[PDB]
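Just below is one structure, and these are the notes that go with it.
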Amino acid sequence: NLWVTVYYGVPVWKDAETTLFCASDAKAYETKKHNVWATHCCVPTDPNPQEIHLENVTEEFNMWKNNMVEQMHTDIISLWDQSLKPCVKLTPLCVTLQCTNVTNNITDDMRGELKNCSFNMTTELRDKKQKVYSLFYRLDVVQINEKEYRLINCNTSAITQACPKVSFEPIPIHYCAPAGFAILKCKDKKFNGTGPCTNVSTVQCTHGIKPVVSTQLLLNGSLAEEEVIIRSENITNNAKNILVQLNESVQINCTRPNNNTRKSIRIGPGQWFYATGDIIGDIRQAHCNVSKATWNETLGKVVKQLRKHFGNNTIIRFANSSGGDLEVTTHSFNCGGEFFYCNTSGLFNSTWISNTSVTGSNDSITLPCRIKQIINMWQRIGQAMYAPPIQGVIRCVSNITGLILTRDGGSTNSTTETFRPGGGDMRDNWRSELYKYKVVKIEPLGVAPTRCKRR
Amino acid sequence: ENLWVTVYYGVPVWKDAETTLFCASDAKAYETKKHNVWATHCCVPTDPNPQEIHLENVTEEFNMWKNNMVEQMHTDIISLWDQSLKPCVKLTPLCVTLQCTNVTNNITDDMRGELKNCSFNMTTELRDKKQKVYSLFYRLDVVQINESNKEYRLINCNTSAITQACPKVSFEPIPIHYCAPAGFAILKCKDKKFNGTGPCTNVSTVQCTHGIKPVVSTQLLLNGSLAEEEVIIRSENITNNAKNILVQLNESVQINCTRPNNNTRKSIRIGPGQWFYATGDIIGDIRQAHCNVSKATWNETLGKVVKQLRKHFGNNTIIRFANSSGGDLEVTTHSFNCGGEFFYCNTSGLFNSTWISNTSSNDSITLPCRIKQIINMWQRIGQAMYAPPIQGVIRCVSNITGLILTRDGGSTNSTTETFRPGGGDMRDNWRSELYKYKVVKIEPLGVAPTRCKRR
Amino acid sequence: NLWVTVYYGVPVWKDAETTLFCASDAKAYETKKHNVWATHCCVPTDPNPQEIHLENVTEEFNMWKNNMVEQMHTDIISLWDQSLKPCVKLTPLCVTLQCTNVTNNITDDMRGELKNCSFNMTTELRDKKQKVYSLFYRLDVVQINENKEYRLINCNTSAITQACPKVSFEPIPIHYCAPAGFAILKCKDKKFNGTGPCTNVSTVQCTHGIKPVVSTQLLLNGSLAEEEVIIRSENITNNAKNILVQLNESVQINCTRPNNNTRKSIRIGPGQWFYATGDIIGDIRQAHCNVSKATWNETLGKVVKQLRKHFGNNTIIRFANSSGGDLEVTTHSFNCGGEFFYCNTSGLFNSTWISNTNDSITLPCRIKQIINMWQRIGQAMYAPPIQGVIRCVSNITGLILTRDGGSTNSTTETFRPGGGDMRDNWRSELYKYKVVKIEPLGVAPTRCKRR
Amino acid sequence: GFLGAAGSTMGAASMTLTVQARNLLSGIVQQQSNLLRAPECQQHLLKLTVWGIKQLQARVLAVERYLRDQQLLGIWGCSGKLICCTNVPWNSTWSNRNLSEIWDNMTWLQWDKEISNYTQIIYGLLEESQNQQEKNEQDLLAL
Amino acid sequence: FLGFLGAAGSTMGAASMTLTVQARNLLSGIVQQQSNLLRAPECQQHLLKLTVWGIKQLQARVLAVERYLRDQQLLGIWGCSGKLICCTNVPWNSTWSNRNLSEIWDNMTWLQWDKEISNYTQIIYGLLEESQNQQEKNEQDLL
Amino acid sequence: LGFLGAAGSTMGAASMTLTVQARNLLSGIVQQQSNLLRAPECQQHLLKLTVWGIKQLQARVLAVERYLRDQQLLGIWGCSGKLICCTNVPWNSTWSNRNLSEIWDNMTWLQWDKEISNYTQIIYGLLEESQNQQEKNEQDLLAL
Ligand SMILES: *[C@@H]1O[C@H](CO)[C@@H](O[C@@H]2O[C@H](CO)[C@@H](O[C@@H]3O[C@H](CO[C@H]4O[C@H](CO)[C@@H](O)[C@H](O)[C@@H]4O)[C@@H](O)[C@H](O[C@H]4O[C@H](CO)[C@@H](O)[C@H](O)[C@@H]4O)[C@@H]3O)[C@H](O)[C@H]2NC(C)=O)[C@H](O)[C@H]1NC(C)=O
Ligand SMILES: *[C@@H]1O[C@H](CO)[C@@H](O[C@@H]2O[C@H](CO)[C@@H](O)[C@H](O)[C@H]2NC(C)=O)[C@H](O)[C@H]1NC(C)=O
Ligand SMILES: *[C@@H]1O[C@H](CO)[C@@H](O[C@@H]2O[C@H](CO)[C@@H](O)[C@H](O)[C@H]2NC(C)=O)[C@H](O)[C@H]1NC(C)=O
Ligand SMILES: *[C@@H]1O[C@H](CO)[C@@H](O[C@@H]2O[C@H](CO)[C@@H](O)[C@H](O)[C@H]2NC(C)=O)[C@H](O)[C@H]1NC(C)=O
Ligand SMILES: *[C@@H]1O[C@H](CO)[C@@H](O[C@@H]2O[C@H](CO)[C@@H](O)[C@H](O)[C@H]2NC(C)=O)[C@H](O)[C@H]1NC(C)=O
Ligand SMILES: *[C@@H]1O[C@H](CO)[C@@H](O)[C@H](O)[C@H]1NC(C)=O
Ligand SMILES: *[C@@H]1O[C@H](CO)[C@@H](O)[C@H](O)[C@H]1NC(C)=O
Ligand SMILES: *[C@@H]1O[C@H](CO)[C@@H](O)[C@H](O)[C@H]1NC(C)=O
Ligand SMILES: *[C@@H]1O[C@H](CO)[C@@H](O)[C@H](O)[C@H]1NC(C)=O
Ligand SMILES: *[C@@H]1O[C@H](CO)[C@@H](O)[C@H](O)[C@H]1NC(C)=O
Ligand SMILES: *[C@@H]1O[C@H](CO)[C@@H](O)[C@H](O)[C@H]1NC(C)=O
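Which chain is which? The protein sequence lines are E, A, C, B, F and D, in order.
Residues 33 to 178, 189 to 400, 407 to 503 (the entry's author numbering) are what the first sequence spells out, left to right.
Residues 32 to 178, 187 to 399, 409 to 503 (the entry's author numbering) are what the second sequence spells out, left to right.
Residues 33 to 178, 188 to 398, 410 to 503 (the entry's author numbering) are what the third sequence spells out, left to right.
Each residue of the fourth sequence is one higher than the one before, counting from 521 in the entry's author numbering.
Each residue of the fifth sequence is one higher than the one before, counting from 519 in the entry's author numbering.
Each residue of the sixth sequence is one higher than the one before, counting from 520 in the entry's author numbering.
Structural data, given as structure tokens:
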């Protein structure tokens, strides 16, 4: 005759939704004085938290149902909106522009890229206007059919410029649980994103995931352990996007090589427009260099892994993106305070049967990249962010660590399984890194039979 | 035999109190899909039945004119209404030197001069375009500026800016209940024909009130609840004729109100996602919005009311109903919301009859109703709200369950007492149906003597 | 063999910090009459404030790095900003402003200071402008030239907003109060000087009534020392520190703006009203203050006597006026009646006072309407005018001084005005208090264990 | 029958002490049983700050009341007891009514008014009694 | 050192050891994190620029407090307040689980056991609350 | 006499006053609200939450949590609800080399908890361990 007994402090938990704490390192905080991440995620991280391996435990994970990435998406869009809140609006600028081709020391490829536009802006005094001028990139200007130009979204969207002093540079972030909650981190190597995980450990806060914004390629991210890992909610349904994590990074040397000048024009009391001043030197296209051999070798790895799910008699080809807006067509990113948009068509141009079909030992693939300043962040229609120009010359170096791919259709056994760049979903950008983690609510109370009864 | 202190916990003792009561309602199936504002508010369910525990041998002092409960919910509806209104487009650009003329498009004699075709350059929110814009208005919403025709402004302009109520939000009167937080309780008076003050004979405890439809009205109480088998009259001060007077009816009176004009809307683009809905043309003959009320129903009802009045003021006294005094339409007429529009009805056709000690059909009373699209909601100074137009013909059918009165006494002679419609303060609209209820602080802890001692 | 016992509720504390909650007198609605300090300090005080004496208890205090001053700073900025946020904005009130000097029964000095300025104003309707005029002070308006074109000073960098009318910033005595688990310790050491463990300390529900008074170079409507004059400085030998001086007598000052003013309530937008300065009913005179001269002399005598202490026996001490710079730091800035008085203090600090081997002092004052309070945080708050004549009568309870760089000279140590850090104005009271957190739980040895 | 015995005299009414005491902060379970009232309620509270602070204020006041009462039971040594004798005699100053007259012919409500000016005094006496009792226990452990 | 969830994989009987860690974490985390929030950054002025942040965080904190208070009440109603292990007078039902002491406390983790009898939890609670009342009843008869 | 009145007194003399501090440890909220009853202007002039709005509720919840954390820290050692109680842990001379004549008398609590500051987490852990042992033993003792 066994008897009921109630225990408190039981090691059990459930899946749940909650709110976590955005914490950052103190060094990056104090150095990045005016950055959004440092100041919002002011909570210092544990200088040395203890990870608790869950010996002889098994836990299931499903990174496609993970509430965390949704919360991070909401939090980042909220932070982005909050940073631009006290900055000035550019709706007084929406005036017809008198423009010309700048035509001043320009290479063959950049002809027609830049326009020199003059216009009438409001002064500090509401009864006085000023004739001023600036240079514009052609992606940010549209023509009137009747020299007669406007902005792309002059009469469509509310446009706001970033304040000059605030920084959006990504910094490593840790997400810490509230009390009653813990984070379970899956450490099993070659975890495909679904199912049980043998090597699991409990943590108070995640590691320093850097919240980089990106479209097609995953930058400054984390790497697989031994081999490239391919993960997809459904391997065969092409409706789902395919995530690639490399086991070796790839360096990208990218730049805007134009010694630019930032001018400051008074719109009104305390309102400053930030204009692109005259460029010092010649005018060349921005571009990103990548090692050719490193590139093909990475592609060799990813096709080797892909063949597991489509067969080693299956032709595997990479083509460039399908049409659409620039924001998903290209690879875009905001290193250096200006928004680069890179033609990836040089990449993803091959077919693979037995390694590559195609020396070049010192060859490097050069992606041309457009620039633009008015940005429809998060693919929201009707709102936009004007990046202020950055004086000087922009140089950036980055680690590619993963890719986003999609498959086309076509019902045929002689298919080529055409992979193309995908993405454009910031959720997918988060999900590439934060997959090893889930949150769990601790239920300390339990009941069991026993040898013991109350007297 | 000697007595000692002993602590008694779980003691059914209470006090009168004021507190933060929270709104609840039938969840239904959220079929209003968060369109109506009170499916964004009051979303906690009241789906379980009320407890309804009889307080045997208990009599409870109630005072509906001191019902603070009314005050909290009144404040809550004001705050919610403004908060709903705020995140919408500001029609402040439409406050302009407007040019107007008469419509004269198959208009009946009653509506001559009521509708104006108005136009002006107005605004585009694109610098120096001044695209002409025109629309239709009711004469109540527009006023001459000076001593084509005359310069005109919107009536609101000298008082405050105006906000357009978003078309995606409804203010339909779905019933709501008000549920106590923990530690408190609601006491419901079941003493039928409770005259509004004093002891209530027998009473129940509940967690929530019954379903109250927070209708807005000025003179007549609409879609309300009926008295127990007898017309009832209530007043904070029967003696003082300066107090509002509450009439609760035994039978409901049906009213068929209509705007018969088959009207359309004009969508005007003010700015980036800023859209204004202008009153468009009217298809067909233009007639007057008005209400039909069953004449026999009204006279029988008012005879019953007169009997109840005579209970207090004598059954040989002479009673008269006269119309309200002068003043703005918001207090003089019977005002209400029909599907979003705002009707303002001349109730002088109702409160006209006289009564004497008589013992010691399909004919309808017509009430013409004016239509006004600028609303000073809650009698607020400023904070104007622009009711958008609604397409087509509108027919509202409503239960009149009671009304408000004010008394002109006989003064010196004290032979005849005259009654006129009153109200306009929604506190009185609440108090009519919310009169059985009182919040109570529970105090489960106490002490008492007993022969038993501490062991 | 002694055993562990646990004690809960131990009367101990540690140094602590937390958002103290306000407690107003709540004496009547007339003090709650649209004043921020009462309307928004909704919580009243205990009608009978309590104080518990702590026998044989010594507690260290340091009026510097004392958190509650920073709390008061954050609270004044927050209350100010939220009070004056929902108010009429004058942001479109920037055009070429056409001014001419007024001269009608005016003091030679006021010549130019006041100025009639015709102006193009907006109306309730977007499509109409109206021609208006107003008087302006030269501190408000700047000349722009290629001669009669002018603008407002702040219009090149910041937005101009009115203070809402019928809103009073008249200071009200506030009692800062400790929440649950916290306590306030009050020091009563005579001549405490602001640092070190207090000989006699007492726990108190809330601080005494502190008026959030805004004074510059000196202390107004504050507390008085019990005897002589207290000198306070975080580093007396460092010349970059501000010397807080607390008197045991108050000095009598009467400040006045004599001109009989009138006001025009112009409509600029829907519900937006602008208060313009109409013609002066009376004569034109400069604002000024009368200080009790003999009181001032004996005051400075006490101050110099206390200054000689810790600065050398029979050391020569001299006074001089402030340095140049912006008016908010060079002159006695303060608020009287709702208008901002900017007074020349040079007639107060002068001469040498070693003195070993009745009458009134007049201080002229300017009137400024547009105010950047604190470190350019007010953001062009525009003071509306007040009809009539303005008079205030005040007690100076303390001085803010700074010593020159006379260390290498070793002679004629020269003290000048100080201030500009408004924290001092509250430090001069909040030195008396400290915030602590009760740490009720502890352990100790005993004679016995559990059975 | 929550409060169903309010009109009942004390003797019968005290049989429903469990009934009432069970409802101390039943919102601690009910609100959790209401799934924090809805997902949509959570969205409403975050979207409109005013009811956020209002409903949050309600919850914290309820918790504070719960905890105040619990501490008052604790300091008297009456934790977890619906009833406890306390070693404090009864004063005729408080009620000179017969024990029959108090436990019958009289309801709890009338009694709360009858002792309105003295409950706090009794509470202080209970605090003192329990303090002395705990000190006695310490000494008995010593002896 | 074990860790907060260090016993999750340990067998149920062994996992019954050192329940203190999990009991204490629920509030030690609250106080420690709150201290590392308020001052260690000194940026509450920034975090409270956004009302919604404050509402979210404050709701989460009071919810944690509410969860702990819920558990404390549900232990008190079973007479388990102040104890991490506490027995009753309710016999076990093979309907909930027929396994024996070896089959349950050995070669089984608490997770498996929790999944085994989740759907009977509401039953047991009823019995437990039911049980406690009768003990109080008997005490009330002595009283 | 009143709150902290025995702070300068000896620990033995201040062993009972624990009650006054205890009441305040929660009852400050009573001083904050509900005895310092919220003025009718409260929440109409505190709709501006940034002043004295959220921050007051922060203060209240923080006080509540300090109370709960300490109360749980007591109960997890046993002795729930008791101001004072002994335990089964002997005193280590490492923590303090002082006599009752020197501890209960001649010295105040502030001095004492300063003198045993660094060891606090040590003793607490021992108490926790002690409590745990007892409970398990009793259950098996009650099973046998
Ligand atoms: C992946 O991670 C790598 C890590 O290296 C990133 O690469 C570097 O990122 C930094 C971003 O901080 C690049 O640029 C740096 O920006 C600083 C910002 O300057 C601010 O302050 C001045 C003050 O007047 C303003 O004028 C200016 O507008 C800015 O507001 C610069 O100050 C840095 O220069 C300083 O530090 C470097 C450190 O080596 C020194 O060499 C300089 O002399 C100077 O002291 C710096 O320029 C930096 O250029 C990136 N590296 C390279 C090689 O380009 C990647 O951006 C990141 N990528 C992604 C996708 O996440
Ligand atoms: C993954 O996708 C495949 C198809 O891409 C799914 O297989 C289909 O399942 C449905 C179920 O009714 C069948 O009707 C289809 O005929 C199947 N497709 C093919 C090509 O045979 C599969 O169910 C998906 N699995 C998951 C876990 O999502
Ligand atoms: C993808 O495009 C690149 C060019 O950007 C192709 O490379 C060229 O291929 C042609 C084939 O006739 C050669 O003549 C050129 O010399 C190649 N130039 C470069 C840049 O190497 C590449 O072949 C295309 N993809 C495939 C697999 O055909
Ligand atoms: C007050 O008394 C009336 C009776 O005068 C109660 O009316 C009862 O209502 C219930 C509801 O279902 C019926 O079952 C009974 O039949 C009614 N009584 C009679 C005599 O028919 C009313 O419920 C009482 N109010 C309260 C709160 O207890
Ligand atoms: C400060 O020390 C003095 C003794 O020097 C203490 O004595 C007096 O206390 C009363 C209390 O009302 C004060 O009004 C007097 O000013 C004090 N001084 C004198 C000379 O009478 C006093 O109690 C000490 N303060 C504290 C807080 O302990
Ligand atoms: C591919 O990479 C390898 C290794 O760097 C290199 O030898 C080869 O020339 C590259 N080109 C081909 C064959 O794709
Ligand atoms: C590769 O081909 C061999 C041939 O037998 C086959 O067994 C194996 O499954 C194939 N692998 C893939 C991934 O197609
Ligand atoms: C593959 O070939 C089989 C016959 O061998 C045929 O039935 C099937 O349709 C083919 N698959 C596709 C996708 O065409
Ligand atoms: C201030 O202190 C001096 C020191 O001698 C004394 O003479 C004077 O009377 C004191 N003032 C007051 C008002 O007590
Ligand atoms: C897991 O199983 C092994 C098998 O021997 C056992 O020794 C170990 O203790 C188990 N893990 C835990 C945490 O008990
Ligand atoms: C007790 O007091 C004696 C004499 O004052 C001293 O020698 C001894 O060290 C003290 N004991 C402890 C444990 O401090």
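We put the beta carbon where it would ideally sit given N, CA and C, even for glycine.
Query raised in the report: Going along the chain, which unbroken runs of the beta strand (DSSP E) with 3 or more residues stay wholly within the stretch 328–365 of chain E?
Result: 328–333, 358–360
Query - Sequence-distant residues of the same chain with beta carbon closer than 8 angstroms to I358 (chain E), five excluded per side - result: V345, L348, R349, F352, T393, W394, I395, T464, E465, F467
Requested in this report: Note down, in chain order, every chain F residue with its Cβ under 8 angstroms from the Cβ of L645 (chain B).
Outcome: Per Cβ cutoff of 8 angstroms: no residues; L645 (chain B) is ~20 angstroms from chain F at best.
Query raised in the report: For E83 (chain E), is the beta carbon positioned less than 7 angstroms from some heavy atom of ligand 10?
Result: The closest heavy atom of ligand 10 lies 7 angstroms or more from the beta carbon of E83 (chain E).
Query raised in the report: Does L125 (chain C) get closer than 8 angstroms to chain A when you measure Cβ to Cβ?
Result: Residue contact with chain A for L125 (chain C): absent (no Cβ-Cβ distance below 8 angstroms to any residue of chain A).
**Report entry** Which listed residue (C:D107, C:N33, C:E156, C:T77) has its alpha carbon closest to that of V608 (chain D)
**Finding:** C:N33
Query raised in the report: Roughly how many angstroms separate the alpha carbons of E156 (chain A) and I322 (chain C), rounded to a whole number?
Result: 44 angstroms
Query - Residues bridged to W314 (chain A) [DSSP beta-bridge criterion] - result: A:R308, per the DSSP bridge assignment.
**Report entry** Any heavy atom of ligand 1 within less than 5 angstroms of residue CB: hits in chain order
**Finding:** E:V254, E:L261, E:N262, E:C377, E:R443, E:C444, E:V445, E:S446
Report task. Mind reading off the beta-carbon distance from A541 (chain D) to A533 (chain D)? Whole number of angstroms is fine, and I expect it under 8 angstroms. Result -> About 13 angstroms separates the two Cβ atoms, so there is no contact after all.
Query raised in the report: With DSSP run on the structure shown, which of helix, strand or coil describes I213 (chain C)?
Result: coil
Query raised in the report: Should the stretch 251–260 of chain A be called in touch with the stretch 205–219 of chain A, which here means at least 3 C-beta pairs below 8 angstroms?
Result: Judged by Cβ distances under 8 angstroms, the stretch 251–260 of chain A makes contact with the stretch 205–219 of chain A, as three or more pairs qualify.
Query raised in the report: How many angstroms separate the CA atom of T198 (chain A) from the CA atom of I429 (chain A)?
Result: 7 angstroms
Query raised in the report: Whose CA, out of D:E657, D:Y638, D:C605, D:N611, lies closest to the CA of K501 (chain C)?
Result: Closest by C-alpha distance to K501 (chain C), out of D:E657, D:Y638, D:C605, D:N611, is D:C605.
Query raised in the report: Any beta-carbon of chain E closer than 8 angstroms to the one on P206 (chain A)?
Result: no
Query raised in the report: In this structure, does DSSP put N447 (chain E) in helix, strand or coil?
Result: strand
Query raised in the report: When you compare only the Cα positions, how much space is there between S528 (chain D) and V42 (chain C)?
Result: 11 angstroms
Requested in this report: Assign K633 (chain B) to buried or exposed, taking buried as 16 or more other Cβ atoms, counted over all protein chains shown, within 10 Å of its Cβ.
Outcome: exposed
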